[PDB]
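Visitor: Let me begin by handing over the structure; questions about it come next.
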Amino acid sequence: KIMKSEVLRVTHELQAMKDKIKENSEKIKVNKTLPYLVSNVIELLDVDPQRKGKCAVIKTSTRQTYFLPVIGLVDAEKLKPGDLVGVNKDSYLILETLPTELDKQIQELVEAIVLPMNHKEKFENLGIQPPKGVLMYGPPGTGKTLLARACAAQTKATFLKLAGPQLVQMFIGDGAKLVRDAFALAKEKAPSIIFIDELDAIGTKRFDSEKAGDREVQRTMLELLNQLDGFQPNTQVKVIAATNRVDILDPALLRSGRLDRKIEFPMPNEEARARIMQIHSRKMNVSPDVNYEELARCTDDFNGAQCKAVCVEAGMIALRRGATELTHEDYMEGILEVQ
Amino acid sequence: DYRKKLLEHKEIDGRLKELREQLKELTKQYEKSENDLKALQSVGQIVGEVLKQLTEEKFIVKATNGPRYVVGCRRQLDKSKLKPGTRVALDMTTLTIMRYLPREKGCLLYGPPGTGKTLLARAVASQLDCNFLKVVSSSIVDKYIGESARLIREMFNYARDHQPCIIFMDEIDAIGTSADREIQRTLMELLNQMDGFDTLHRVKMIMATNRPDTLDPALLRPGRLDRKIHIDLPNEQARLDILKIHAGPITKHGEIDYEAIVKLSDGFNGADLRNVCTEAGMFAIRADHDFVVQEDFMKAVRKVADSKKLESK
Amino acid sequence: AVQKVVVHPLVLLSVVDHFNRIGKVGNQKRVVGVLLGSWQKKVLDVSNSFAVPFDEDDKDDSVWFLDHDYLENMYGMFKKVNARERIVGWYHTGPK
């Protein structure tokens, strides 16, 4: 063991290094305390001909452009064209980059969002990618908007509102800005839940290509399909879509990353109306007389918002009816009251 | 007694030499921290642009902020990058120059029977593409007066400035009265920017469609799309090859017949057959088992493949 | 390796300080100073330097007194305030 006696000096040098890094590692808190302003970063690869080529283009908030190479600590998610980065008074170095900005269905919604995050072990053991796009289509009456948003609130994760008129803006070019923004919060921030609705109305493919806004909504929408079919790593936040009609369905939605789990929900018959309406009345005071037969039959061509309005109208006259519990005939009274 | 002390001392020396790897690996990163701390010392640089040069040694610069200045020549750099027309960088002290700042042919694959040739472009792009530049057919809406000429010259101009350029056109049947005037405009611009002194060795494009009656007889003319290949038989040998070299990481039942799965899933592509087998894996992962009975496999082939055949409009 | 070097007068005026802070003791031997510079580039450029207690013997010439702790402390603090310059060599004021 005479040859292994030199290891003690190596360990003394290592512990001496750990004892001497406290100063230069301690000044990080007083030098890199807080960036007082915010500056935008745009990536631009340079070439010097070590003497290696590496630089970046900076843009301050005060509309002043300066020069600085790619510097800082070990970068993993950095080097992207983002904002809200670290900057000192005048050195203008990069130190800290930060991103700027219920009963009848519980299986398909909860699984499709948990398995691409928790079941990675079975993904590595089987080599199978999970489905991404789910299409809650079918005739109206199910209430996919209020029930799908309510179940998205029951997912206990982050929820981001995104509708039709949200992406469609008065100016041009903003659609891709809100797509890269929904991918900023969703893709860049924590995994959130985004539910859009009425995709069939904007998925119109006309023959006369002279006047159709829905084809610019197919430029932003098919640009999202470019950012899903073109971008293989779709393991992050998915795109959940739903339509109220099967009149004009986009044929280019046939992909695992795209809308694959197209679950057909038919007209809300006594069973389905008893399901979504048992959800709508699973907590309120329901008297032991609501057979749901006549009132579930009279709910024809009534969406979940209009059926919720029927529940409100049932919640209107029961005050003056004298009974503190909602009765059977008050549902059909609300139906015949709205229409 | 004596023979065991060599093995024992070999064990103490072993556990003594197995503890250096837990530190010597992170000491390189710790030293890299001070290396970066010494690398963040070059600060205070600004940018500029050169328009007019009077003296070969001293020229005029144009800052982004708006005020203009004049700088000299540094002893390290040469007159190669000193020529005008190249964006350079400056320093706050003495306005010295550290370095500069750089600014920033056809094939038709259509099949008269069936659809899914866009998924064939997904098969080729998923096989060997190495150049990401996608153009969607829904960007030529032309709801304005009609000026897509500068859109074509600017798009192919960005294809000249950007070396990676392999396009995959699709869904051209719906965009193919004056409905044909814009097609002759954009197509004659394609000839005007493909038959002249254009970099045909770098640009590449693949046009796809869905119907054999809307084949755009203007596009059927040679020139634009010279290499034309029909899809009547979806390359059963190449389909079987894609299934073989793409059926590696996916584990299935022991008794598996490739010819039956190939024959029962035809018409579209072999990569779509790969989507049928990975769909059968997407159901085998729902059945929390590695290998299952081929009944569910035949449910993914028949139900999923026939669902592609029915919903492939 | 090195074709030419660049020496600033600041180190020689620091030798003037070496001749100023003597205190009239009567020794005035070859005070050795730790020369600093930039060895990164091919050309050598001296910016500043410091001193180290150096004393020899009258009869025996092989006697030389240096210090490692003072060199690592002056180099540590000087490197902390200015990391662009590191140790390169030394220099003595003796003509022989």
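None of the figures in this text is laboratory data; all of them are computed from the coordinates on show. We place every Cβ from the backbone using ideal geometry, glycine too, and count neighbours over all the protein chains shown.
Visitor: For B:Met207, A:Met170, B:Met169, which order do you get if you count the other beta carbons within 10 Å of each Cβ and list the fewest first? Could the numbers behind the result be given before it?
Guide: Details: B:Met207 21, A:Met170 5, B:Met169 18.
Least to most surrounded, the residues fall as A:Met170, B:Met169, B:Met207.
Visitor: Of the options B:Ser178, B:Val203, B:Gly85, report the single residue whose Cα projects farthest towards the positive end of the charge dipole of region B:65-205 (beta-carbon charges: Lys, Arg +1; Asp, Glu -1).
Guide: With unit charges placed on the Cβ atoms, the residue in question is B:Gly85.
Visitor: What ratio of Cα Rg to 2.2 N^0.38 Å holds for the protein assembly as shown?
Guide: 1.35
Visitor: Put one equal scatterer on each alpha carbon of chain C, apply the Debye formula with no solvent term, and list log10 I(q)/I(0) at q = 0.18, 0.23, 0.26 1/Å to two decimals.
Guide: Treating every Cα as an identical point scatterer, log10 I(q)/I(0) equals -0.94, -1.30, -1.43.
Visitor: Another question, if that's okay. Rg and Dmax of region A:220-301, Cα atoms, in Å?
Guide: Every Cα atom of region A:220-301 included, Rg and Dmax give 18.8, 56 Å.
Visitor: Moving to a separate point now. With Cβ to Cβ distances under 13 Å as the rule, what net charge do the other residues near C:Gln3 carry (K, R +1; D, E -1)? Please report the intermediate quantities before stating the final value.
Guide: Working: positive: C:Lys4, C:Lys41, C:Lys42; negative: none.
Neighbourhood net charge equals +3.
Visitor: List the residues whose amide H sits under 5 Å from the amide H of B:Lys228, counting only those 5 or more places along or on another chain, with H placed 1.01 Å from N in the peptide plane.
Guide: Answer set, sorted by chain and number: B:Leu108.
Visitor: So what's the angle, to the nearest 10 degrees on a 0 to 90 scale, between helix C:9-18 and the longest Cα principal axis of chain C?
Guide: 20 degrees
Visitor: Sticking with this one: Just to confirm a number: summing +1 for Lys and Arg and -1 for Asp and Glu over residues other than A:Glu333 whose beta-carbon lies under 13 angstrom from that of A:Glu333, what do you get? Don't skip to the answer; put the middle values down first.
Guide: Numbers: positive: A:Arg320, A:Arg321; negative: A:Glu294, A:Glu313, A:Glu329, A:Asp330, A:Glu337.
Overall, the nearby charge balance is -3.
Visitor: Please state the charge dipole magnitude for region B:126-261, taken about the Cα centre, from unit charges on C-beta atoms (+1 on K and R, -1 on D and E), reported in debye and rounded to the nearest 20.
Guide: 420 debye
Visitor: Count the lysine pairs in region A:1-103 that are 8 or more places apart or on different chains: how many have C-alpha atoms under 17 angstrom apart?
Guide: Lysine pairs satisfying the spacing and distance rule in region A:1-103 number 11.
Visitor: Report the far tail of the P(r) of chain B, meaning the percent of Cα-Cα pairs longer than 36 Å.
Guide: Working: 26842 of 48828 pairs.
Above the 36 Å cut-off, chain B has 55 percent of its Cα pairs.
Visitor: Now for a different question. Across region B:188-194, in residue order, what do the Karplus-derived ³J(HN,Hα) couplings come to in whole Hz, using 6.51 cos²θ - 1.76 cosθ + 1.60 with θ = phi - 60° and x for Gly and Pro?
Guide: Using θ = phi - 60°, the values come out as 5, 6, 5, 5, 5, 10, 9 Hz.
Visitor: How long is chain A along each principal axis, judged by its Cα atoms, biggest number first, in Å?
Guide: Here the Cα extents, ordered largest to smallest, are 92, 64, 46 Å.
Visitor: Still on this structure, please answer the following. Under the rule of -39500 (n - 2.57) per DSSP H run of 4 or more residues, summed and divided by the residues of the protein assembly as shown, what mean residue ellipticity at 222 nm is obtained, to the nearest 500 deg cm²/dmol? Walk me through the numbers on the way to the answer.
Guide: Numbers: 25 runs with 263 residues, N = 748.
The per-residue figure over the protein assembly as shown is -10500 deg cm²/dmol.
Visitor: Which three extents, in angstrom, do the Cα atoms of region B:17-92 have along their principal axes, listed largest first?
Guide: Taking the Cα atoms of region B:17-92, the three principal extents are 68, 26, 18 Å.
Visitor: Restricting things to alpha carbons, tell me how big region A:1-97 is in terms of Rg and Dmax, in Å.
Guide: Taking only Cα atoms of region A:1-97, I get Rg and Dmax of 19.5, 67 Å.
Visitor: What does the charge count around B:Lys4 come to, taking other residues whose C-beta lies under 14 Å from its C-beta (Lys +1, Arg +1, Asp -1, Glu -1)?
Guide: Numbers: positive: B:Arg3, B:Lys5, B:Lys10; negative: B:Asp1, B:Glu8, B:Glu11.
Value of the local net charge: 0.
Visitor: About the Cα centre of the protein assembly as shown, how large is the charge dipole given +1 on each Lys and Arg Cβ and -1 on each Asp and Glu Cβ? Please answer in debye to the nearest 20.
Guide: Details: 113 positive and 107 negative charges, 669 e Å.
Rounded to the nearest 20 debye, it is 3220 debye.
Visitor: Now a separate question. Among A:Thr158, B:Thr55, which comes first, then next, by fewest other beta-carbon atoms within 10 Å? Don't skip to the answer; put the middle values down first.
Guide: Values: A:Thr158 15, B:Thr55 10.
The order, fewest Cβ neighbours first, is B:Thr55, A:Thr158.
Visitor: Here's something else I'd like to know. Translational diffusion coefficient of region A:73-157 at 20 °C, 1.002 mPa s, Stokes-Einstein with Kirkwood Rh over Cα pairs, in µm²/s as a whole number.
Guide: Stokes-Einstein gives a translational diffusion coefficient of 124 µm²/s.
Visitor: Mind giving me the nanometre distance, one decimal, between the label points for B:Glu56 and C:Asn82, set 7 Å out from Cα along Cα→Cβ?
Guide: Simple spin-label model gives 3.7 nm for this pair.
Visitor: Assign one of three labels to region A:1-58, namely rounded, prolate or oblate, based on the Cα gyration tensor with a ≥ b ≥ c the square roots of its eigenvalues; rounded applies when a/c is under 1.5, prolate when it is not and a/b is larger than b/c, and oblate otherwise. Spell out each step's value before the answer.
Guide: Working: a/c = 6.04, a/b = 1.83, b/c = 3.29.
Cα axes put region A:1-58 in the oblate bin.
Visitor: So how strong a dipole does region B:204-313 carry about its Cα centre when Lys and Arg Cβ are +1 and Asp and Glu Cβ are -1, to the nearest 20 debye? Don't skip to the answer; put the middle values down first.
Guide: On the way: 18 positive and 18 negative charges, 120 e Å.
I would put it at about 580 debye.
Visitor: Could you give the semi-axes, largest first, of the ellipsoid that matches region B:1-155, computed as the square roots of 5 times the alpha carbon gyration tensor eigenvalues and rounded to whole Å?
Guide: Numbers: eigenvalues 571, 363, 37 Å².
Each semi-axis is the square root of five times an eigenvalue, giving 53, 43, 14 Å.
Visitor: May I ask you to list the chymotrypsin sites (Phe, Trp or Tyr not before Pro) in region B:265-299 that are in a DSSP loop and have at most 16 other Cβ atoms within 10 Å of their Cβ?
Guide: Values: sites: B:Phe268, B:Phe283, B:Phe291, B:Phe297; in loops: B:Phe268, B:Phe291.
Sites meeting the loop and neighbour criteria: B:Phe291.
Visitor: Considering the options B:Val262, B:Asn35, B:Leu190, tell which one lies farthest towards the positive end of the dipole of chain B, charges being +1 on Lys and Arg and -1 on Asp and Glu at the Cβ, about the Cα centre.
Guide: B:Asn35
Visitor: Turning to a different aspect of this structure: Å³ per residue of the Cα convex hull, for region A:85-133?
Guide: Each residue corresponds to 172 Å³ of Cα convex hull volume.
Visitor: Where does helix C:69-81 land angle-wise versus the long Cα axis of chain C, in degrees 0 to 90, nearest 10?
Guide: Long axis of C:69-81 versus the principal axis of chain C: about 30 degrees.
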